[PDB]
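Asks: mmCIF, C-alpha atoms, saved as query.cif, coming up:
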data_my_file
loop_
_atom_site.label_atom_id
_atom_site.label_comp_id
_atom_site.auth_asym_id
_atom_site.auth_seq_id
_atom_site.Cartn_x
_atom_site.Cartn_y
_atom_site.Cartn_z
CA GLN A 37 226.50 91.41 -137.96
CA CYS A 38 223.72 89.15 -136.45
CA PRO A 39 221.78 90.27 -133.35
CA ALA A 40 221.12 87.90 -130.42
CA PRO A 41 218.93 84.87 -131.58
CA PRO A 42 215.07 84.92 -131.24
CA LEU A 43 213.73 83.69 -127.92
CA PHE A 44 211.58 80.68 -128.80
CA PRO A 45 208.67 79.64 -126.57
CA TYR A 46 209.18 75.99 -127.70
CA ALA A 47 213.02 75.81 -127.73
CA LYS A 48 216.09 76.64 -125.65
CA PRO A 49 219.84 76.75 -126.50
CA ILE A 50 221.89 73.65 -125.48
CA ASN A 51 224.78 75.92 -124.23
CA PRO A 52 223.33 79.38 -123.19
CA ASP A 54 225.40 84.98 -123.23
CA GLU A 55 226.40 87.28 -126.19
CA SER A 56 224.69 89.85 -128.61
CA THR A 57 226.83 89.73 -131.87
CA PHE A 58 227.34 86.77 -134.27
CA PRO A 59 228.88 86.87 -137.80
CA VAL A 60 226.93 85.44 -140.80
CA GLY A 61 227.36 81.66 -141.06
CA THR A 62 227.17 81.05 -137.28
CA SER A 63 225.13 78.00 -136.27
CA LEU A 64 223.85 77.62 -132.71
CA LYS A 65 222.65 74.38 -131.15
CA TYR A 66 219.09 74.46 -129.82
CA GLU A 67 216.82 71.94 -128.05
CA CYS A 68 213.00 71.44 -127.82
CA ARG A 69 211.70 72.32 -124.30
CA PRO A 70 209.89 69.86 -121.89
CA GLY A 71 206.52 68.71 -123.24
CA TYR A 72 207.69 68.85 -126.84
CA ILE A 73 208.91 65.77 -128.75
CA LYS A 74 212.68 65.55 -127.98
CA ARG A 75 214.96 67.09 -130.63
CA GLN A 76 218.33 68.82 -130.91
CA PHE A 77 218.74 71.19 -133.89
CA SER A 78 220.60 74.28 -135.26
CA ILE A 79 219.57 77.89 -135.94
CA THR A 80 221.75 79.66 -138.59
CA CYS A 81 222.66 83.36 -139.11
CA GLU A 82 221.95 83.99 -142.84
CA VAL A 83 223.79 86.52 -145.15
CA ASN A 84 221.18 89.29 -144.49
CA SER A 85 221.94 89.24 -140.71
CA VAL A 86 218.69 87.33 -139.78
CA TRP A 87 218.36 83.91 -137.99
CA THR A 88 216.58 80.88 -139.55
CA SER A 89 215.35 77.71 -137.66
CA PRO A 90 214.07 74.44 -139.30
CA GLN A 91 210.34 74.12 -140.08
CA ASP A 92 208.02 72.45 -137.45
CA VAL A 93 211.09 71.46 -135.40
CA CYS A 94 209.21 71.13 -132.05
CA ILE A 95 205.94 69.20 -131.88
CA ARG A 96 203.88 69.17 -128.58
CA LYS A 97 203.65 65.64 -127.10
CA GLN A 98 200.14 63.94 -127.21
CA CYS A 99 198.19 62.83 -124.11
CA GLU A 100 196.11 59.62 -124.20
CA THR A 101 193.00 59.65 -126.43
CA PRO A 102 190.02 60.91 -124.34
CA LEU A 103 186.72 59.06 -124.66
CA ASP A 104 183.17 60.13 -123.92
CA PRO A 105 181.99 58.79 -120.57
CA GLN A 106 178.97 56.40 -120.74
CA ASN A 107 175.91 58.84 -120.80
CA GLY A 108 178.24 61.83 -121.24
CA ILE A 109 180.47 63.72 -123.71
CA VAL A 110 184.18 64.74 -123.77
CA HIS A 111 184.76 68.26 -125.27
CA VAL A 112 188.05 68.79 -127.11
CA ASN A 113 188.22 72.58 -127.47
CA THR A 114 191.70 72.77 -129.16
CA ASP A 115 193.54 69.37 -129.34
CA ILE A 116 194.85 66.49 -127.14
CA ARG A 117 198.48 67.74 -126.94
CA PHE A 118 200.61 69.34 -124.17
CA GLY A 119 198.94 72.35 -122.48
CA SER A 120 195.45 71.77 -123.88
CA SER A 121 192.32 71.04 -121.83
CA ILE A 122 189.23 68.89 -122.11
CA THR A 123 185.91 69.36 -120.33
CA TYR A 124 183.15 66.83 -119.70
CA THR A 125 179.34 67.10 -119.50
CA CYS A 126 176.68 64.53 -118.66
CA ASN A 127 173.56 63.95 -120.72
CA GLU A 128 169.97 64.80 -119.64
CA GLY A 129 168.96 62.60 -116.69
CA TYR A 130 172.59 62.06 -115.60
CA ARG A 131 174.85 63.85 -113.10
CA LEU A 132 178.66 64.11 -113.10
CA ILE A 133 180.82 62.44 -110.42
CA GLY A 134 184.54 63.27 -110.53
CA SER A 135 186.44 65.97 -112.45
CA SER A 136 184.59 68.01 -115.11
CA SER A 137 187.94 68.93 -116.72
CA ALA A 138 191.52 67.70 -117.34
CA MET A 139 194.68 69.33 -118.67
CA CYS A 140 197.52 67.70 -120.62
CA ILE A 141 200.54 68.17 -118.35
CA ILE A 142 204.15 66.94 -117.99
CA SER A 143 204.17 63.63 -116.08
CA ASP A 144 207.64 62.15 -115.39
CA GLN A 145 209.51 61.77 -118.74
CA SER A 146 206.23 62.11 -120.81
CA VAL A 147 202.80 63.87 -120.71
CA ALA A 148 199.46 62.83 -119.05
CA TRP A 149 195.92 64.13 -118.18
CA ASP A 150 196.07 65.72 -114.70
CA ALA A 151 192.67 64.14 -113.85
CA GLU A 152 190.74 60.89 -114.52
CA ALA A 153 187.56 60.99 -116.70
CA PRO A 154 184.32 61.29 -114.66
CA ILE A 155 181.22 59.04 -114.38
CA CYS A 156 177.79 60.10 -115.60
CA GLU A 157 175.37 58.30 -113.34
CA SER A 158 171.59 58.18 -113.54
CA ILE A 159 169.95 60.77 -111.26
CA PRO A 160 168.55 58.77 -108.29
CA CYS A 161 165.12 59.04 -106.66
CA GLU A 162 163.66 58.48 -103.22
CA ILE A 163 161.13 55.61 -102.88
CA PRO A 164 157.77 57.02 -104.22
CA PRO A 165 155.30 58.18 -101.52
CA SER A 166 153.16 55.70 -99.57
CA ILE A 167 149.43 56.37 -99.85
CA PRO A 168 146.74 55.14 -97.43
CA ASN A 169 144.56 52.30 -98.87
CA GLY A 170 146.77 51.80 -101.92
CA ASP A 171 150.27 51.09 -103.28
CA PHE A 172 152.53 51.48 -106.35
CA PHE A 173 153.72 48.70 -108.67
CA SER A 174 157.42 48.39 -109.54
CA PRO A 175 159.67 45.64 -111.04
CA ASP A 179 165.59 51.48 -106.65
CA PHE A 180 164.54 54.48 -108.67
CA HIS A 181 166.34 56.54 -111.24
CA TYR A 182 165.46 59.31 -113.75
CA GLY A 183 162.73 58.38 -116.23
CA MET A 184 161.21 55.47 -114.24
CA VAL A 185 157.40 55.41 -114.01
CA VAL A 186 155.32 54.13 -111.08
CA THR A 187 151.56 53.44 -111.28
CA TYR A 188 149.49 53.41 -108.07
CA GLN A 189 146.47 51.21 -107.40
CA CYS A 190 143.77 51.25 -104.66
CA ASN A 191 143.33 48.28 -102.37
CA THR A 192 140.33 46.02 -103.12
CA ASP A 193 138.35 44.34 -100.32
CA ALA A 194 139.19 40.76 -99.07
CA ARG A 195 137.09 39.39 -102.03
CA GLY A 196 138.91 41.45 -104.69
CA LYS A 197 136.03 43.94 -105.25
CA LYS A 198 136.36 47.77 -105.67
CA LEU A 199 136.53 49.50 -102.28
CA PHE A 200 138.02 52.96 -103.17
CA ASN A 201 137.97 55.60 -105.91
CA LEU A 202 141.50 56.45 -107.23
CA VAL A 203 141.56 60.26 -107.38
CA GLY A 204 144.19 62.01 -109.51
CA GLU A 205 146.97 60.96 -111.91
CA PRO A 206 147.73 57.23 -111.21
CA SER A 207 151.29 57.43 -112.62
CA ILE A 208 154.29 59.56 -111.60
CA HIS A 209 157.87 59.59 -112.88
CA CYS A 210 161.36 60.29 -111.56
CA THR A 211 162.60 63.60 -113.00
CA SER A 212 164.95 66.45 -111.96
CA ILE A 213 164.75 70.26 -111.83
CA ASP A 214 168.52 71.01 -111.42
CA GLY A 215 170.19 67.95 -113.00
CA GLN A 216 171.47 66.75 -109.59
CA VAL A 217 168.47 65.92 -107.32
CA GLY A 218 165.77 63.51 -108.46
CA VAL A 219 162.14 64.52 -107.83
CA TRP A 220 158.84 62.73 -108.51
CA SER A 221 156.93 64.51 -111.37
CA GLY A 222 153.89 65.24 -109.20
CA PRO A 223 151.89 64.19 -106.13
CA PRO A 224 150.67 60.56 -105.81
CA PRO A 225 146.90 59.88 -106.23
CA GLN A 226 144.47 59.34 -103.35
CA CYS A 227 142.31 56.34 -102.48
CA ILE A 228 138.97 57.74 -101.40
CA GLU A 229 135.93 55.82 -99.99
CA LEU A 230 132.98 55.32 -102.36
CA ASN A 231 130.62 57.77 -100.43
CA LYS A 232 133.17 60.62 -100.40
CA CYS A 233 134.29 63.57 -102.54
CA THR A 234 137.67 65.34 -102.33
CA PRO A 235 137.73 69.18 -101.79
CA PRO A 236 136.73 70.90 -105.10
CA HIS A 237 138.79 73.47 -106.98
CA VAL A 238 137.50 76.46 -109.09
CA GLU A 239 140.25 78.88 -110.31
CA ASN A 240 139.96 82.48 -108.98
CA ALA A 241 137.23 81.46 -106.46
CA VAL A 242 137.00 80.71 -102.72
CA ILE A 243 134.61 78.42 -100.83
CA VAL A 244 132.19 80.41 -98.59
CA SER A 245 130.56 77.33 -97.14
CA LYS A 246 132.15 75.10 -94.44
CA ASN A 247 135.50 73.75 -95.69
CA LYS A 248 136.06 70.04 -95.22
CA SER A 249 139.16 67.88 -95.54
CA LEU A 250 136.75 65.41 -97.22
CA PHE A 251 133.03 65.78 -98.19
CA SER A 252 130.26 63.11 -98.02
CA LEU A 253 127.49 62.38 -100.55
CA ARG A 254 124.98 65.29 -101.04
CA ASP A 255 127.23 67.76 -99.11
CA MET A 256 126.97 71.24 -100.65
CA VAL A 257 129.76 73.66 -101.57
CA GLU A 258 129.25 77.36 -102.25
CA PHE A 259 131.85 79.28 -104.26
CA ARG A 260 132.51 83.03 -104.52
CA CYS A 261 134.46 84.47 -107.39
CA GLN A 262 137.26 86.82 -106.46
CA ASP A 263 137.04 90.64 -106.94
CA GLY A 264 137.65 91.12 -110.65
CA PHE A 265 135.35 88.38 -112.04
CA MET A 266 132.26 86.62 -110.95
CA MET A 267 130.03 83.65 -111.40
CA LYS A 268 129.42 81.84 -114.58
CA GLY A 269 127.33 78.87 -113.61
CA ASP A 270 125.50 78.08 -110.33
CA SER A 271 127.46 78.88 -107.11
CA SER A 272 126.19 75.74 -105.32
CA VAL A 273 127.21 72.14 -106.23
CA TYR A 274 126.56 68.70 -104.56
CA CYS A 275 128.71 65.60 -103.91
CA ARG A 276 127.81 62.64 -106.18
CA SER A 277 129.22 59.06 -106.31
CA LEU A 278 132.64 58.46 -108.10
CA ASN A 279 133.96 61.82 -106.79
CA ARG A 280 131.68 63.92 -109.02
CA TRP A 281 129.92 67.23 -108.44
CA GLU A 282 126.54 68.01 -109.69
CA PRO A 283 126.32 70.23 -111.47
CA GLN A 284 129.99 70.51 -112.48
CA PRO A 286 131.24 76.97 -112.02
CA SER A 287 133.80 79.42 -113.55
CA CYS A 288 135.62 82.63 -112.72
CA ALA A 289 136.75 84.64 -115.79
#
Is it possible to give me this structure as structure tokens?

Replies:
Amino acid sequence: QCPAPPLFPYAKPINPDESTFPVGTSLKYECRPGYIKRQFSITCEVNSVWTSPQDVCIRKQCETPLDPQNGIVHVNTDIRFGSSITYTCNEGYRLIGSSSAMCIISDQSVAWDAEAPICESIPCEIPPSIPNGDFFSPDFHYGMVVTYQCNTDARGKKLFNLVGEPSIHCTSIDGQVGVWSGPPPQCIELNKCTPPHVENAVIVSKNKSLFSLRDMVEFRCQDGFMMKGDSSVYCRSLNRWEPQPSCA
């Protein structure tokens, strides 16, 4: 009075074709590849329904995954047959290798179909060379800082004004390519001024790549705003402008 047995995703019959079994019939089943090896029986009970033993087939375990150095392993389900793991690298590190692995049948057991990846520090190009100066460094990777310094004269006395941020650091925008945080500073002669900047204004006087002491600069505010302060300023020592205007 029993119908054909259920068709288990984890088990198969040891000796496979029929559609009618009397009550009390026992059939010999086997756990499929990737499950811990076991032979068992399914029985046709008095009410014409089949019963199999509890937790008969357990999925085989793959080796314990570890977090890469400077990275993390993500176990989304478990570390058994059919499951997958993904890897990510931490901030300032980039992945080399496979970003995922799956627990698959390997010979007479189970194994990860890929090796764990490396999370290496994002590298940087040598920082820029600047005329009349250089950077101090103890090979550049994410986070490293470099400070620039102007050359002194042959007697160790100040010869240039260091203009801008003296320090820059290796960073990244995409998490793959390393970029320096900003531009390097400049080493300007003591009787010179660098071109001045006023937001939402243009220079109407002669533009210069570099200005000399007492040189004048005239600014014009763009259409929409206008002068606050004097429009004319003059080059002072130590890269200063006297007086120091605005466009609001």

Asks: For a quick check of understanding, using all atoms listed in the file, which of A:225, A:52, A:59, A:165 has the smallest distance to residue A:38?

Replies: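 Among A:225, A:52, A:59, A:165, it is A:59 that comes nearest to residue A:38.
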
Asks: Given the file above and the PyMOL selection byres ((chain A and resi 122) around 6), which residues are selected, and can you give them as a PyMOL selection string?

Replies: chain A and resi 111-112+121+123+137-138

Asks: May I ask which of the residues A:224, A:175, A:215, A:154 is the closest one to residue A:190, counting all atoms listed in the file?

Replies: A:224

Asks: Tell me which of A:160, A:235, A:105, A:70 sits closest to residue A:141, counting all atoms listed in the file.

Replies: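 Counting all atoms listed in the file, the residue closest to residue A:141 is A:70.
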
Asks: What is the atom CA of residue A:200 to atom CA of residue A:164 distance in Å?

Replies: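 Distance reported for this atom pair: 20.2 Å.
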
Asks: Find the spatial neighbours of stretch 273-288 of chain A, counting all atoms listed in the file, within a cut-off of 9 Å - ignore same-chain residues fewer than 6 positions away - and output them as a list in words.

Replies: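 Here the answer would be residues 201, 203, 228, 230, 231, 232, 233, 234, 236, 238, 239, 240, 241, 251, 252, 253, 254, 255, 256, 257, 258, 259, 260, 261, 262, 264, 265, 266 and 267 of chain A.
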
Asks: Within 8 Å of stretch 81-92 of chain A, counting all atoms listed in the file, which residues show up once you throw out same-chain ones fewer than 4 positions away? Write them as a short mmCIF file (atom, residue, chain, number, x, y, z; two decimals) with C-alpha atoms, keeping the file's coordinate frame, please.

Replies:
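Saved file result39.cif follows:
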data_model
loop_
_atom_site.label_atom_id
_atom_site.label_comp_id
_atom_site.auth_asym_id
_atom_site.auth_seq_id
_atom_site.Cartn_x
_atom_site.Cartn_y
_atom_site.Cartn_z
CA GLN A 37 226.50 91.41 -137.96
CA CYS A 38 223.72 89.15 -136.45
CA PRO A 39 221.78 90.27 -133.35
CA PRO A 41 218.93 84.87 -131.58
CA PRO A 42 215.07 84.92 -131.24
CA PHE A 58 227.34 86.77 -134.27
CA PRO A 59 228.88 86.87 -137.80
CA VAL A 60 226.93 85.44 -140.80
CA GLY A 61 227.36 81.66 -141.06
CA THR A 62 227.17 81.05 -137.28
CA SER A 63 225.13 78.00 -136.27
CA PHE A 77 218.74 71.19 -133.89
#

Asks: For atom CA of residue A:172 and atom CA of residue A:250, determine how far apart the two atoms are, in Å to one decimal place.

Replies: 22.9 Å
